[PDB]
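What follows is the content of run.cif (mmCIF, C-alpha atoms; chains and numbers go by the auth columns).
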data_entry
loop_
_atom_site.group_PDB
_atom_site.id
_atom_site.type_symbol
_atom_site.label_atom_id
_atom_site.label_comp_id
_atom_site.label_asym_id
_atom_site.label_seq_id
_atom_site.Cartn_x
_atom_site.Cartn_y
_atom_site.Cartn_z
_atom_site.B_iso_or_equiv
_atom_site.auth_seq_id
_atom_site.auth_asym_id
ATOM 1 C CA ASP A 1 4.553 169.094 135.006 0.00 1 A
ATOM 2 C CA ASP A 2 3.106 171.455 132.370 0.00 2 A
ATOM 3 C CA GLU A 3 5.954 173.858 133.137 0.00 3 A
ATOM 4 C CA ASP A 4 7.496 173.110 129.736 0.00 4 A
ATOM 5 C CA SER A 5 4.170 173.932 128.068 0.00 5 A
ATOM 6 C CA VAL A 6 4.406 177.455 129.489 0.00 6 A
ATOM 7 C CA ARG A 7 8.018 177.845 128.330 0.00 7 A
ATOM 8 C CA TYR A 8 6.976 176.608 124.879 0.00 8 A
ATOM 9 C CA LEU A 9 4.114 179.110 124.683 0.00 9 A
ATOM 10 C CA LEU A 10 6.313 181.940 125.964 0.00 10 A
ATOM 11 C CA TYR A 11 8.928 181.283 123.273 0.00 11 A
ATOM 12 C CA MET A 12 6.197 181.317 120.615 0.00 12 A
ATOM 13 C CA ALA A 13 4.836 184.674 121.802 0.00 13 A
ATOM 14 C CA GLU A 14 8.343 186.134 121.558 0.00 14 A
ATOM 15 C CA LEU A 15 8.673 184.855 117.987 0.00 15 A
ATOM 16 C CA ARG A 16 5.256 186.182 116.957 0.00 16 A
ATOM 17 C CA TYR A 17 6.281 189.491 118.525 0.00 17 A
ATOM 18 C CA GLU A 18 9.651 189.278 116.763 0.00 18 A
ATOM 19 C CA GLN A 19 7.897 188.664 113.434 0.00 19 A
ATOM 20 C CA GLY A 20 5.904 191.867 114.003 0.00 20 A
ATOM 21 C CA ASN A 21 2.612 190.203 115.030 0.00 21 A
ATOM 22 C CA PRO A 22 1.572 191.928 118.280 0.00 22 A
ATOM 23 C CA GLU A 23 -1.946 190.499 118.383 0.00 23 A
ATOM 24 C CA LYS A 24 -0.981 186.822 118.181 0.00 24 A
ATOM 25 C CA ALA A 25 1.781 187.314 120.759 0.00 25 A
ATOM 26 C CA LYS A 26 -0.713 188.658 123.303 0.00 26 A
ATOM 27 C CA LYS A 27 -3.040 185.719 122.641 0.00 27 A
ATOM 28 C CA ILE A 28 -0.312 183.118 123.187 0.00 28 A
ATOM 29 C CA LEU A 29 0.697 185.140 126.249 0.00 29 A
ATOM 30 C CA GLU A 30 -2.864 185.025 127.591 0.00 30 A
ATOM 31 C CA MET A 31 -2.878 181.245 127.153 0.00 31 A
ATOM 32 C CA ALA A 32 0.566 180.942 128.745 0.00 32 A
ATOM 33 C CA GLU A 33 -0.591 183.084 131.673 0.00 33 A
ATOM 34 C CA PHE A 34 -3.782 181.070 132.223 0.00 34 A
ATOM 35 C CA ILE A 35 -1.876 177.787 132.543 0.00 35 A
ATOM 36 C CA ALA A 36 0.929 179.315 134.617 0.00 36 A
ATOM 37 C CA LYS A 37 -1.426 180.814 137.209 0.00 37 A
ATOM 38 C CA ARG A 38 -3.096 177.381 137.501 0.00 38 A
ATOM 39 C CA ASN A 39 0.253 175.658 138.165 0.00 39 A
ATOM 40 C CA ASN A 40 1.667 175.191 141.668 0.00 40 A
ATOM 41 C CA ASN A 41 5.026 176.700 140.619 0.00 41 A
ATOM 42 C CA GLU A 42 5.658 180.346 141.509 0.00 42 A
ATOM 43 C CA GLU A 43 8.747 180.716 139.319 0.00 43 A
ATOM 44 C CA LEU A 44 6.478 179.888 136.363 0.00 44 A
ATOM 45 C CA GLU A 45 4.391 183.024 136.868 0.00 45 A
ATOM 46 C CA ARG A 46 7.552 185.033 137.542 0.00 46 A
ATOM 47 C CA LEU A 47 8.878 184.040 134.115 0.00 47 A
ATOM 48 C CA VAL A 48 5.550 184.951 132.485 0.00 48 A
ATOM 49 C CA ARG A 49 5.576 188.521 133.799 0.00 49 A
ATOM 50 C CA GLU A 50 9.279 188.790 132.942 0.00 50 A
ATOM 51 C CA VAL A 51 8.494 187.881 129.331 0.00 51 A
ATOM 52 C CA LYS A 52 5.622 190.380 129.424 0.00 52 A
ATOM 53 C CA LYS A 53 8.293 193.005 130.136 0.00 53 A
ATOM 54 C CA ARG A 54 9.965 192.061 126.830 0.00 54 A
ATOM 55 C CA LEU A 55 6.761 192.545 124.807 0.00 55 A
#

Could you write out this file's structure as structure tokens?
Amino acid sequence: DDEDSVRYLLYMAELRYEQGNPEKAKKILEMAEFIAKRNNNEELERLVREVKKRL
């Protein structure tokens, strides 16, 4: 239900941050946040902000 698509994007933003690319990680995070806030699941947006605490 598109929830996996947010988890996929979140993992990518961590990798791009891990590889030392801060700009791409924010962009994938912006895309992951757009979809998450348009999903009916509230845990999805909780995970997004949690990942934002890691970046």

Sel. within 12 Å of pt (5.1, 183.2, 138.5), counting all atoms listed in the file, output as a PyMOL selection string:
chain A and resi 3+6-7+32-52

Expand the PyMOL selection byres ((chain A and resi 28) around 12) into the individual residues it matches in the shown file, reporting them as JSON, numbers by chain.
{"A": [5, 6, 7, 8, 9, 10, 11, 12, 13, 14, 15, 16, 17, 21, 22, 23, 24, 25, 26, 27, 29, 30, 31, 32, 33, 34, 35, 48, 51, 52, 55]}

Box in all listed atoms of range 16-22 of chain A, axis-aligned, with 5 Å more on each side; write out centre and edge lengths in Å to one decimal as AutoDock Vina command-line options.
--center_x 5.6 --center_y 189.1 --center_z 116.0 --size_x 18.1 --size_y 15.7 --size_z 15.1
